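Below is one structure; the comments refer to it alone.
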Amino acid sequence: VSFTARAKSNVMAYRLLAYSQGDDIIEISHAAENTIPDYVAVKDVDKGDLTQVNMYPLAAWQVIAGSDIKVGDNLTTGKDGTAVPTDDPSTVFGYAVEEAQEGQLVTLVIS
Amino acid sequence: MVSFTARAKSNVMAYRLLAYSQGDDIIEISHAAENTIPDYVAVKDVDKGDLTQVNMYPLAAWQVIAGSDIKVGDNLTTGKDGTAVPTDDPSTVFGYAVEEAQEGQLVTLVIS
Amino acid sequence: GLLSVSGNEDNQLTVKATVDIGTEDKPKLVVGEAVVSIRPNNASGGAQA
Amino acid sequence: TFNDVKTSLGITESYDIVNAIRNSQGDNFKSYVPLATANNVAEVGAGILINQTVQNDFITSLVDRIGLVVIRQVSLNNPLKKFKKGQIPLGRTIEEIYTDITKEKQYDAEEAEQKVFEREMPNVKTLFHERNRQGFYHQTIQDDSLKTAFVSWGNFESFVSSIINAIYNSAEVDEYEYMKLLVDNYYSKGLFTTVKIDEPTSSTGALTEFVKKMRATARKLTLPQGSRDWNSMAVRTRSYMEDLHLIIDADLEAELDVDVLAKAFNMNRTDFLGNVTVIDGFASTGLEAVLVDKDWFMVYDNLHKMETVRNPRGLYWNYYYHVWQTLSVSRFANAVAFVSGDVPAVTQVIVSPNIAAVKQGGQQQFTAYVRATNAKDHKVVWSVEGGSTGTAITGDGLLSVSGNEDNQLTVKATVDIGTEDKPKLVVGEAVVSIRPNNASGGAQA
Amino acid sequence: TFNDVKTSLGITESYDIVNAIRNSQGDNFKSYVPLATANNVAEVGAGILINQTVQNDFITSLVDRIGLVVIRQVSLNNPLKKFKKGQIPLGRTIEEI
Amino acid sequence: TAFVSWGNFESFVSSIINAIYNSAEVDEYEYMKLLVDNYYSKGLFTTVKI
Amino acid sequence: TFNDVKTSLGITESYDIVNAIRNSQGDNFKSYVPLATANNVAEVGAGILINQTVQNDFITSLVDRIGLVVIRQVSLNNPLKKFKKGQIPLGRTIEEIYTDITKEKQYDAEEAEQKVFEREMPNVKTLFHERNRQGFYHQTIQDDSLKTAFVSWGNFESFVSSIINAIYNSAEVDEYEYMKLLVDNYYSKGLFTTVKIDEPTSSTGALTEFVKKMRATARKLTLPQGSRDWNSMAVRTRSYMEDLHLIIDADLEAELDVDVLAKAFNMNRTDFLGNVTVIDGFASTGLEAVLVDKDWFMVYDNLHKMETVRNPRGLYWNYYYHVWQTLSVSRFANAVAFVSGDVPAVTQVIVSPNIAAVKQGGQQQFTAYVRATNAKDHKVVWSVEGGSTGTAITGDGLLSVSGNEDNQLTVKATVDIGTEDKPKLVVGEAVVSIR
Amino acid sequence: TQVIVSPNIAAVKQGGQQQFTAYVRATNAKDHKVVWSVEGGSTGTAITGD
């Protein structure tokens with residue numbers, strides 16, 4: 001299924017997103033650093049632009065890497081919605097099954 | 001989906017949040033207790049001694065009875081009788097509203 | 001506005017769409033109604049996920 | 001099946017009409033007193049939604065049967081089907097061609113000794129349209145399941161055709177809103193020649209000024225001499241009075257016909273403001289109304305097929321009606337917006353020739369056409385952006401190509417509006433393809 | 001003979017209509033939400049100013065051709081041509097008595 | 001080399017010829033408009049002051 | 001759509017013909033210096049892959065159109081079609097039954113005393129051909145969207161025609177590819193009678209040495225004496241000069257016409273006597289020619305039907321041309337391979353009865369035929385599976401006692417290199433049943 | 001002398017795939033491995049080797 005989201009502030013593709021609420025429609029912005037994100041952008045979305053959130057429960061995501069990620073590394077939110085390695089449970093939202101440099105997309109399995 | 005047999009043990013009502021327990025060689029189900037995270041959602045009335053089934057599937061969203069007025073984006077938890085109510089305590093949040101609901105109306109929810 | 005029907009619903013419903021206008025201590029309820037006939041499926045429901 | 005449904009399903013009564021006729025003591029219901037079966041008409045005269053079954057009065061065991069079955073044939077035309085052009089079977093692209101006028105050239109029989117073969121190029125501007133809409137409509141008719149609602153093949157086949165008509169209606173609903181989008185498109189692009197007004201609903205008089213600015217504009221469009229002032233290409237063209245259409249909101253046209261007394265007795269005239277095509281409001285926030293030409297809508301049809309499928313397992317059909325259309329507008333063909341509230345001072349800079357093949361070392365006169373809403377003169381900064389080889393333009397728009405350019409350069413005509421703190425650089429733009437010449441030179445004098 | 005050219009050439013987009021229908025939640029663009037091919041109509045529905053080759057949507061190596069060429073025939077008139085008199089073949093002066 | 005039909009190749013030539021005929025309408029408007037401004041300049045219009 | 005594409009898109013130039021005509025002192029381009037439009041021609045001379053929009057020269061606003069559209073209709077055939085046999089509408093397998101000759105027995109009226117009712121079965125051999133190829137060609141024609149790319153109904157129907165003819169030119173190509181697979185399959189199984197010859201294009205005398213090995217062997221095939229050699233199954237068959245076909249390639253064709261068939265005074269004294277089907281070439285690493293019988297190819301048709309359908313939601317027809325086909329070879333008919341390079345010393349070993357039926361305690365003799373590309377490679381070693389400790393193969397004779405397993409007779413020839421004799425060997429097998 | 005890439009005129013949807021088929025025109029019998037590469041790309045876009 002899917003639902004309407006109103007964005008919040010300059011969403012970039014492949015970045016980790018988080019939801020909020022304001023006037024009514026759920027607001028979407030880049031997820032804060034060191035936590036668990038809610039959604040992955042598939043395309044760029046302007047600040048106040050309405051769009052859809054495609055809830056097709058995925059077991060794995062394709063997310064832009066914020067730093068050097070190795071295979072099996074536990075991942076959390078980094079800066080600007082990027083994904084980074086973490087050694088602190090609770091910030092973990094998944095783990096990499098691929099190796100990635102920086103700014104490259106990395107496949108990760110959500111857990 | 002993956003279906004399995006489960007027995008109600010306390011008058012299961014449709015669109016209510018459900019919990020389960022280990023019973024007499026069978027999973028027994030009932031309305032989820034207040035202020036927690038439910039496991040299953042009813043979609044049929046099943047009385048206290050009635051035997052039914054559960055259809056397993058990672059559903060994106062559930063449609064349940066609102067235990068109170070709900071605003072879009074509200075984090076929800078169990079309430080009285082297995083209904084869904086607004087909250088703010090993360091540990092009891094099982095999903096959130098994507099649509100408005102008045103008490104007694106269905107509210108679509110997205111699992112987290 | 002999306003009715004979702006239980007897997008063992010067996011009687012005649014009525015949806016209601018209520019616009020509350022008027023006084024806080026006199027709720028003037030304007031209610032539009034529709035009628036739903038529940039027809040069986042014989043599917044194995046129960047619980048999900 | 002159903003039960004327990006009364007005649008009051010969804011009905012929120014303001015007063016019970018049957019007490020009022022009963023309790024009528026010289027009241028205003030007193031003419032409903034001599035009616036014999038008054039209490040029966042009040043019960044089910046509003047229609048019945050759910051069809052309760054009714055026993056017969058004389059013989060209770062018999063059931064009173066459904067007599068006539070009326071199938072409604074209500075059709076939904078496009079208001080703008082009269083602006084749609086022909087059909088295009090093959091191809092995709094449409095090409096417009098408009099050949100403009102030229103200058104006058106005094107007869108001089110001494111200058112004619114050498115200026116035979118003088119090479120004046122005609123002033124043709126072209127404009128391209130392609131297919132845009134490509135969509136289908138979809139009904140399933142279960143034929144065998146609908147044979148139980150219908151006892152005669154007249155009423156059965158009439159109902160089948162009323163599902164085909166709902167497909168045909170669904171086309172001219174969406175063709176409306178597509179053609180309604182093109183007005184919302186063209187004004188959002190800034191290609192309308194806007195006419196600033198005050199908000200007409202704010203006062204009478206402000207209405208009366210708005211009918212002045214429409215009656216004056218309408219005669220200016222249909223001047224036979226034509227003008228370069230009212231289209232977004234700024235060629236010299238006219239319109240006709242019968243082919244001029246005032247697309248206006250229903251609420252706004254209601255105000256003018258009652259308050260502005262001159263327009264009142266000029267309804268059923270096709271020539272006071274052209275043909276008023278009342279639609280509902282525009283999605284653009286300021287656009288009050290629009291005068292427009294018949295040749296404005298370059299709306300063409302490409303495909304009208306109703307291909308069909310039959311499911312044997314389901315015992316039904318699928319009716320798939322495809323509508324493919326070119327839905328674009330002509331940047332020729334005079335078109336005027338009427339915009340209330342805040343406008344920019346200058347809405348468009350139309351640069352003549354917007355397309356140029358200019359030789360290395362050659363020249364080309366460009367002209368800007370500043371479409372301002374106020375009555376003010378505005379300075380055109382001509383520029384050459386792009387290119388790599390030092391080509392420059394003069395302050396009036398004569399391009400001078402630098403002899404070995406070999407790079408495509410585009411020519412901009414900037415009209416800064418607003419203040420210097422927020423310079424609102426309304427820019428029109430031409431393009432130039434640089435042709436080689438193999439010429440010598442490099443310095444002059 | 002042109003290289004890279006846009007469809008927005010002399011276009012001063014006071015607002016973007018694509019982002020207006022996309023970000024619409026009942027603010028007057030609610031009539032365009034059930035409109036199917038809205039983005040492709042508003043893209044090139046202002047009459048592309050400089051032509052660019054469009055490849056065919058099914059077999060990509062083919063060129064979608066120019067189908068119809070509409071040569072406009074606006075006939076400008078002199079509104080005072082009803083005030084013209086006859087034609088004088090020979091001579092120069094008119095004597096009005 | 002910009003047409004595939006003679007019926008459209010002829011119709012563009014006629015649009016170039018009728019563009020010349022359209023030019024003789026635009027100027028003739030202006031000269032007959034000038035005769036008004038000549039006559040008011042030379043003062044031979046019977047003037048009503050408004 | 002295709003924004004910034006050069007005209008020299010997929011082009012690796014060797015020299016710039018613009019500059020070489022321009023540098024006119026190079027005394028080979030001097031005849032192009034008179035040409036006043038040499039730069040315009042040598043730009044779009046090879047053609048344009050991308051169709052940039054060309055503006056009109058006189059009025060820049062106009063666009064130079066397409067004048068003429070040419071559909072390039074091609075019809076390509078199958079060279080090996082004359083080897084097909086027929087069609088088999090009903091039924092699946094093909095059984096082919098051969099009856100070999102017997103062994104002469106000495107007169108011996110002493111031992112004719114007790115053998116009057118001795119039963120002696122013929123050397124009847126069979127092999128089976130199931131239906132192999134079962135495939136279909138898929139072509140979607142999305143016809144209402146192809147109206148945009150044409151402005152006439154003549155070019156439009158001529159283009160739907162060529163898509164349908166493109167579906168038939170696949171059934172002529174892939175049918176040809178499987179039939180050269182049946183030669184590379186057969187050579188990969190080790191089932192040809194391999195003949196050693198150098199590459200004929202090596203020194204032009206090895207071409208002459210190659211024709212000597214083609215007109216020897218093509219005589220050796222059609223001797224009325226017959227032969228146990230020159231085929232798998234090792235039967236004594238003979239063949240006919242008319243029923244011989246040769247395959248060579250277009251390389252041996254032209255070299256023979258230039259180097260041999262033109263110098264020769266009598267062309268019939270050096271004509272590869274057989275029929276020659278000139279083909280592309282074989283995918284095996286050394287296999288140059290294949291000399292073969294007519295009835296070697298067992299290629300039979302089973303189904304050729306076109307099925308169409310229309311999707312009314314996507315406005316397209318969808319053409320399913322089915323081709324079902326029996327594609328096998330016949331081991332009874334002769335087959336010679338003409339192979340350069342290194343070959344194995346023994347190609348295969350043929351165990352002369354392929355299936356037997358022996359009682360508990362019966363007696364079958366088994367026989368080996370070594371193929372032997374060299375002058376001598378011998379010493380068949382005989383073994384048997386089936387794990388019962390009274391059974392024994394010995395030289396030729398099989399003991400086969402009251403053990404009741406489906407045993408198989410595994411023979412061996414040791415093509416080997418020194419201490420590489422642990423892997424290096426060539427076997428042949430038979431299957432022996434009980435009772 | 002030439003490396004002919006077979007779908008020269010490719011129109012691929014976002015997230016889609018096209019197979020590319022390089023026909024190297026060699027003037028000998030030597031084999032030459034084709035190295036595939038994408039120019040004009042972003043993150044997420046490459047050719048997988050063959």
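Identifiers in the structure tokens: chain A, B, ... in order shown; residue index from 1 per chain; ligand index from 1 in order shown.
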
> If you count only C-alpha atoms, which residues fall within 9 Å of region 192-198 of chain G, apart from same-chain ones fewer than 2 positions away, as a PyMOL selection string?
Replying inline: chain G and resi 186-190+200-202+206-207+209-210+213+229-232+334-343+347-348+371-374

With C-alpha atoms retained, export the selected residues as an mmCIF file, in the first residue's frame.
```
data_model
loop_
_atom_site.group_PDB
_atom_site.id
_atom_site.type_symbol
_atom_site.label_atom_id
_atom_site.label_comp_id
_atom_site.auth_asym_id
_atom_site.auth_seq_id
_atom_site.Cartn_x
_atom_site.Cartn_y
_atom_site.Cartn_z
ATOM 1 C CA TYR G 186 28.868 -36.205 -32.447
ATOM 2 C CA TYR G 187 32.508 -35.231 -32.622
ATOM 3 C CA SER G 188 32.421 -34.356 -28.957
ATOM 4 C CA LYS G 189 31.063 -37.783 -28.052
ATOM 5 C CA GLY G 190 33.937 -39.423 -29.887
ATOM 6 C CA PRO G 200 45.253 -27.872 -46.021
ATOM 7 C CA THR G 201 46.047 -24.153 -46.028
ATOM 8 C CA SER G 202 49.404 -24.790 -44.338
ATOM 9 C CA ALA G 206 48.748 -30.413 -47.601
ATOM 10 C CA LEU G 207 45.761 -29.352 -49.636
ATOM 11 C CA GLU G 209 47.441 -34.391 -49.408
ATOM 12 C CA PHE G 210 43.930 -33.617 -48.184
ATOM 13 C CA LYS G 213 42.603 -38.599 -48.216
ATOM 14 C CA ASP G 229 35.075 -49.353 -39.960
ATOM 15 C CA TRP G 230 33.869 -45.876 -40.898
ATOM 16 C CA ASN G 231 30.896 -45.758 -38.543
ATOM 17 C CA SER G 232 29.913 -46.100 -34.938
ATOM 18 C CA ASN G 334 28.952 -43.851 -42.399
ATOM 19 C CA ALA G 335 30.648 -40.758 -40.997
ATOM 20 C CA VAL G 336 34.277 -39.698 -41.470
ATOM 21 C CA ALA G 337 35.893 -36.695 -39.810
ATOM 22 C CA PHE G 338 38.942 -34.949 -41.239
ATOM 23 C CA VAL G 339 40.780 -33.489 -38.292
ATOM 24 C CA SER G 340 43.951 -31.414 -37.996
ATOM 25 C CA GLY G 341 46.020 -30.944 -34.889
ATOM 26 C CA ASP G 342 46.517 -33.482 -32.154
ATOM 27 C CA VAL G 343 43.994 -36.295 -31.761
ATOM 28 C CA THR G 347 38.924 -42.298 -30.465
ATOM 29 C CA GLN G 348 36.549 -44.796 -28.887
ATOM 30 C CA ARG G 371 38.974 -47.219 -33.343
ATOM 31 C CA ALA G 372 42.693 -46.422 -33.184
ATOM 32 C CA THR G 373 43.781 -43.254 -35.029
ATOM 33 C CA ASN G 374 47.388 -44.394 -34.778
#
```

>> Give me, as a list in words, all polymer residues having an atom no more than 8 Å from region 101-103 of chain G, counting only C-alpha atoms and skipping those fewer than 3 positions away in the same chain.
In response: residues 122, 123 and 236 of chain G

Could those selected residues go to a file with N, CA, C and O atoms, as a short mmCIF file (atom, residue, chain, number, x, y, z; two decimals), in the first residue's frame?
```cif
data_model
loop_
_atom_site.label_atom_id
_atom_site.label_comp_id
_atom_site.auth_asym_id
_atom_site.auth_seq_id
_atom_site.Cartn_x
_atom_site.Cartn_y
_atom_site.Cartn_z
N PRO G 122 20.65 -63.46 -34.72
CA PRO G 122 21.36 -62.53 -35.60
C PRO G 122 22.02 -61.41 -34.83
O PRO G 122 21.75 -61.20 -33.65
N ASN G 123 22.88 -60.67 -35.52
CA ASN G 123 23.55 -59.51 -34.92
C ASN G 123 22.74 -58.26 -35.23
O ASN G 123 23.18 -57.33 -35.91
N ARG G 236 28.76 -53.78 -40.66
CA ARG G 236 29.29 -53.79 -42.01
C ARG G 236 28.27 -53.20 -42.95
O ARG G 236 27.38 -53.90 -43.43
#
```

> Excluding same-chain residues fewer than 2 positions from region 20-24 of chain E, what lies within 9 Å of it counting only C-alpha atoms, as a ChimeraX atom specification?
Replying inline: /A:6,46,48-51 /E:15-18,26-30,32-33,38

Kindly save the residues from that selection, with N, CA and C atoms included, as a PDB file, in the first residue's frame.
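Output (result.pdb):
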```pdb
ATOM      1  N   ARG A   6       4.009  14.760   3.044  1.00  0.00           N
ATOM      2  CA  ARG A   6       4.215  16.132   2.605  1.00  0.00           C
ATOM      3  C   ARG A   6       5.637  16.607   2.572  1.00  0.00           C
ATOM      4  N   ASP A  46      11.026  17.868  -3.079  1.00  0.00           N
ATOM      5  CA  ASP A  46      11.096  19.251  -2.636  1.00  0.00           C
ATOM      6  C   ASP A  46      10.427  19.480  -1.289  1.00  0.00           C
ATOM      7  N   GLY A  48       8.154  21.230   0.435  1.00  0.00           N
ATOM      8  CA  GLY A  48       6.727  21.120   0.765  1.00  0.00           C
ATOM      9  C   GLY A  48       5.938  20.264  -0.213  1.00  0.00           C
ATOM     10  N   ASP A  49       6.636  19.459  -0.989  1.00  0.00           N
ATOM     11  CA  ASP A  49       6.027  18.642  -2.018  1.00  0.00           C
ATOM     12  C   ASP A  49       5.362  17.372  -1.520  1.00  0.00           C
ATOM     13  N   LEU A  50       4.128  17.143  -1.959  1.00  0.00           N
ATOM     14  CA  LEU A  50       3.421  15.940  -1.579  1.00  0.00           C
ATOM     15  C   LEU A  50       3.908  14.791  -2.421  1.00  0.00           C
ATOM     16  N   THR A  51       3.987  13.617  -1.828  1.00  0.00           N
ATOM     17  CA  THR A  51       4.386  12.446  -2.575  1.00  0.00           C
ATOM     18  C   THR A  51       3.849  11.188  -1.944  1.00  0.00           C
TER      19      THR A  51
ATOM     20  N   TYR E  15       5.160  29.858 -11.441  1.00  0.00           N
ATOM     21  CA  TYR E  15       5.183  28.716 -10.542  1.00  0.00           C
ATOM     22  C   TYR E  15       5.283  27.488 -11.425  1.00  0.00           C
ATOM     23  N   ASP E  16       5.757  26.392 -10.852  1.00  0.00           N
ATOM     24  CA  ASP E  16       5.855  25.131 -11.583  1.00  0.00           C
ATOM     25  C   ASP E  16       4.543  24.401 -11.359  1.00  0.00           C
ATOM     26  N   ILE E  17       3.886  24.024 -12.451  1.00  0.00           N
ATOM     27  CA  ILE E  17       2.580  23.401 -12.317  1.00  0.00           C
ATOM     28  C   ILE E  17       2.722  21.929 -11.976  1.00  0.00           C
ATOM     29  N   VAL E  18       3.839  21.309 -12.357  1.00  0.00           N
ATOM     30  CA  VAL E  18       4.077  19.909 -12.025  1.00  0.00           C
ATOM     31  C   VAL E  18       4.252  19.746 -10.525  1.00  0.00           C
ATOM     32  N   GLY E  26      -5.684  19.351  -1.989  1.00  0.00           N
ATOM     33  CA  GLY E  26      -6.980  19.999  -1.988  1.00  0.00           C
ATOM     34  C   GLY E  26      -6.927  21.484  -2.266  1.00  0.00           C
ATOM     35  N   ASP E  27      -5.765  22.032  -2.612  1.00  0.00           N
ATOM     36  CA  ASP E  27      -5.639  23.445  -2.945  1.00  0.00           C
ATOM     37  C   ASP E  27      -5.743  23.574  -4.457  1.00  0.00           C
ATOM     38  N   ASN E  28      -6.967  23.387  -4.957  1.00  0.00           N
ATOM     39  CA  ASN E  28      -7.455  23.798  -6.278  1.00  0.00           C
ATOM     40  C   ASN E  28      -6.871  22.993  -7.430  1.00  0.00           C
ATOM     41  N   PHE E  29      -5.796  22.257  -7.170  1.00  0.00           N
ATOM     42  CA  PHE E  29      -5.264  21.285  -8.096  1.00  0.00           C
ATOM     43  C   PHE E  29      -5.787  19.909  -7.764  1.00  0.00           C
ATOM     44  N   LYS E  30      -6.828  19.850  -6.938  1.00  0.00           N
ATOM     45  CA  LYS E  30      -7.472  18.596  -6.619  1.00  0.00           C
ATOM     46  C   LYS E  30      -8.226  18.021  -7.805  1.00  0.00           C
ATOM     47  N   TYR E  32      -6.839  17.778 -10.703  1.00  0.00           N
ATOM     48  CA  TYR E  32      -5.804  17.185 -11.531  1.00  0.00           C
ATOM     49  C   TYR E  32      -5.196  15.947 -10.894  1.00  0.00           C
ATOM     50  N   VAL E  33      -5.544  15.655  -9.645  1.00  0.00           N
ATOM     51  CA  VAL E  33      -5.045  14.437  -9.004  1.00  0.00           C
ATOM     52  C   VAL E  33      -5.542  13.165  -9.685  1.00  0.00           C
ATOM     53  N   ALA E  38      -0.896  13.684 -16.648  1.00  0.00           N
ATOM     54  CA  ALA E  38      -0.841  15.126 -16.424  1.00  0.00           C
ATOM     55  C   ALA E  38       0.551  15.691 -16.626  1.00  0.00           C
TER      56      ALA E  38
END
```

> Just how far from CA of residue 92 (chain G) is CA of residue 234 (chain G), in Å to one decimal?
Replying inline: 26.3 Å

>> Please return, as number ranges by chain, all residues of region 1-103 of chain A that DSSP assigns to strand (DSSP E or B) on the basis of the backbone.
In response: A: 2-5, 11, 16-20, 27-30, 39-40, 45, 51-54, 60-65, 69, 74-77, 83-85, 94-96, 100

>> With only C-alpha atoms considered, list every residue of chain H at most 10 Å from chain E, as a PyMOL selection string.
In response: chain H and resi 7-12

>> Which of chain E end up as alpha helix (DSSP H) when DSSP is run on this backbone - answer as number ranges by chain?
In response: E: 17-22, 38-44

Selection above as a file: C-alpha atoms, as a JSON list (two decimals), in the first residue's frame:
```json
[["chain", "number", "residue", "atom", "x", "y", "z"],
["E", 17, "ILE", "CA", 2.58, 23.40, -12.32],
["E", 18, "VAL", "CA", 4.08, 19.91, -12.03],
["E", 19, "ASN", "CA", 5.17, 20.63, -8.47],
["E", 20, "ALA", "CA", 1.82, 22.31, -7.89],
["E", 21, "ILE", "CA", -0.22, 19.22, -8.72],
["E", 22, "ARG", "CA", 2.29, 17.00, -6.94],
["E", 38, "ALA", "CA", -0.84, 15.13, -16.42],
["E", 39, "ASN", "CA", 2.94, 15.46, -16.29],
["E", 40, "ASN", "CA", 3.52, 14.72, -19.96],
["E", 41, "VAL", "CA", 0.83, 17.13, -21.10],
["E", 42, "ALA", "CA", 2.16, 19.98, -18.99],
["E", 43, "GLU", "CA", 5.70, 19.18, -20.16],
["E", 44, "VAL", "CA", 5.33, 19.89, -23.88]]
```

> Near residue 34 (chain C), within 12 Å and counting only C-alpha atoms, which residues show up once chain neighbours fewer than 5 positions away are dropped, as a PyMOL selection string?
Replying inline: (chain C and resi 1+3+12-18) or (chain D and resi 2+5-6+8-11+49-50)

For the residues in the current selection, export C-alpha atoms as an mmCIF file, in the first residue's frame.
```cif
data_model
loop_
_atom_site.group_PDB
_atom_site.id
_atom_site.type_symbol
_atom_site.label_atom_id
_atom_site.label_comp_id
_atom_site.auth_asym_id
_atom_site.auth_seq_id
_atom_site.Cartn_x
_atom_site.Cartn_y
_atom_site.Cartn_z
ATOM 1 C CA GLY C 1 -13.819 6.033 4.786
ATOM 2 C CA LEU C 3 -14.819 -0.293 5.842
ATOM 3 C CA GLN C 12 -26.286 -6.520 8.193
ATOM 4 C CA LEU C 13 -24.226 -3.455 9.002
ATOM 5 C CA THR C 14 -24.677 0.266 8.649
ATOM 6 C CA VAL C 15 -21.827 2.676 8.072
ATOM 7 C CA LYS C 16 -22.306 6.219 9.306
ATOM 8 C CA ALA C 17 -20.626 9.453 8.261
ATOM 9 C CA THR C 18 -21.240 12.048 10.941
ATOM 10 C CA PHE D 2 -31.446 -6.555 3.290
ATOM 11 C CA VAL D 5 -34.130 -0.428 6.305
ATOM 12 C CA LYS D 6 -36.777 2.261 6.570
ATOM 13 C CA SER D 8 -35.460 7.237 6.252
ATOM 14 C CA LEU D 9 -32.033 6.010 5.198
ATOM 15 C CA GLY D 10 -29.602 8.921 5.131
ATOM 16 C CA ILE D 11 -32.352 11.523 5.638
ATOM 17 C CA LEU D 49 -33.202 3.619 -2.308
ATOM 18 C CA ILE D 50 -33.244 -0.027 -1.251
#
```

> Which polymer residues have any atom within 10 Å of an atom of region 36-45 of chain C, counting only C-alpha atoms, with same-chain residues fewer than 4 positions away left out, as a ChimeraX atom specification?
Replying inline: /B:1,3-5,42-44,52-56 /C:3,5-15 /D:1-3

What does the file look like for those residues with N, CA and C atoms, as a short mmCIF file (atom, residue, chain, number, x, y, z; two decimals), in the first residue's frame?
```cif
data_model
loop_
_atom_site.label_atom_id
_atom_site.label_comp_id
_atom_site.auth_asym_id
_atom_site.auth_seq_id
_atom_site.Cartn_x
_atom_site.Cartn_y
_atom_site.Cartn_z
N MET B 1 0.01 -16.69 1.92
CA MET B 1 0.26 -16.45 3.33
C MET B 1 0.46 -17.78 4.05
N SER B 3 -0.84 -20.03 6.98
CA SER B 3 -1.93 -20.10 7.92
C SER B 3 -1.72 -21.12 9.00
N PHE B 4 -2.23 -20.84 10.20
CA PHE B 4 -2.16 -21.83 11.25
C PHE B 4 -3.37 -21.73 12.15
N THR B 5 -3.65 -22.80 12.86
CA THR B 5 -4.83 -22.87 13.70
C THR B 5 -4.60 -22.32 15.10
N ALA B 42 -7.62 -9.03 14.70
CA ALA B 42 -8.80 -9.80 14.38
C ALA B 42 -9.48 -9.25 13.16
N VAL B 43 -10.09 -10.13 12.40
CA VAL B 43 -10.81 -9.74 11.20
C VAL B 43 -12.01 -10.64 11.06
N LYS B 44 -12.57 -11.03 12.21
CA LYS B 44 -13.72 -11.92 12.33
C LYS B 44 -14.07 -12.08 13.79
N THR B 52 -10.34 -21.05 15.40
CA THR B 52 -10.16 -20.38 14.12
C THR B 52 -8.74 -20.47 13.59
N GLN B 53 -8.37 -19.58 12.67
CA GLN B 53 -7.02 -19.59 12.14
C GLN B 53 -6.38 -18.20 12.07
N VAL B 54 -5.09 -18.19 11.83
CA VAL B 54 -4.34 -16.96 11.70
C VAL B 54 -3.59 -16.96 10.39
N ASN B 55 -3.72 -15.88 9.64
CA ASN B 55 -3.05 -15.78 8.35
C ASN B 55 -1.80 -14.92 8.46
N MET B 56 -0.65 -15.58 8.44
CA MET B 56 0.63 -14.91 8.59
C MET B 56 1.10 -14.23 7.35
N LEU C 3 -14.29 0.82 5.06
CA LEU C 3 -14.82 -0.29 5.84
C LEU C 3 -13.95 -1.51 5.61
N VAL C 5 -13.87 -5.61 6.76
CA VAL C 5 -14.86 -6.56 7.26
C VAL C 5 -14.16 -7.74 7.90
N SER C 6 -14.63 -8.11 9.09
CA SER C 6 -14.11 -9.25 9.82
C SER C 6 -14.37 -10.54 9.07
N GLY C 7 -13.50 -11.52 9.31
CA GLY C 7 -13.56 -12.78 8.59
C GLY C 7 -14.73 -13.66 8.97
N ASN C 8 -15.45 -13.30 10.02
CA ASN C 8 -16.64 -14.03 10.42
C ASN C 8 -17.78 -13.08 10.73
N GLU C 9 -17.85 -11.97 10.01
CA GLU C 9 -19.01 -11.11 10.12
C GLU C 9 -20.20 -11.78 9.46
N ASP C 10 -21.36 -11.69 10.11
CA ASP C 10 -22.48 -12.48 9.62
C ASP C 10 -23.81 -11.76 9.64
N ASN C 11 -23.83 -10.44 9.77
CA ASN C 11 -25.13 -9.78 9.69
C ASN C 11 -25.00 -8.41 9.04
N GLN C 12 -26.14 -7.74 8.96
CA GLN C 12 -26.29 -6.52 8.19
C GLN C 12 -25.78 -5.33 8.99
N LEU C 13 -24.89 -4.57 8.37
CA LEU C 13 -24.23 -3.45 9.00
C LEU C 13 -24.94 -2.16 8.66
N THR C 14 -24.35 -1.07 9.12
CA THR C 14 -24.68 0.27 8.65
C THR C 14 -23.49 1.16 8.93
N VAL C 15 -22.90 1.72 7.88
CA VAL C 15 -21.83 2.68 8.07
C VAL C 15 -22.50 4.01 8.32
N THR D 1 -29.48 -9.83 0.20
CA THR D 1 -30.70 -9.28 0.74
C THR D 1 -30.44 -8.33 1.90
N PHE D 2 -31.47 -7.59 2.27
CA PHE D 2 -31.45 -6.55 3.29
C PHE D 2 -32.70 -6.69 4.13
N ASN D 3 -32.65 -6.15 5.34
CA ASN D 3 -33.87 -5.90 6.08
C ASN D 3 -33.64 -4.68 6.95
#
```
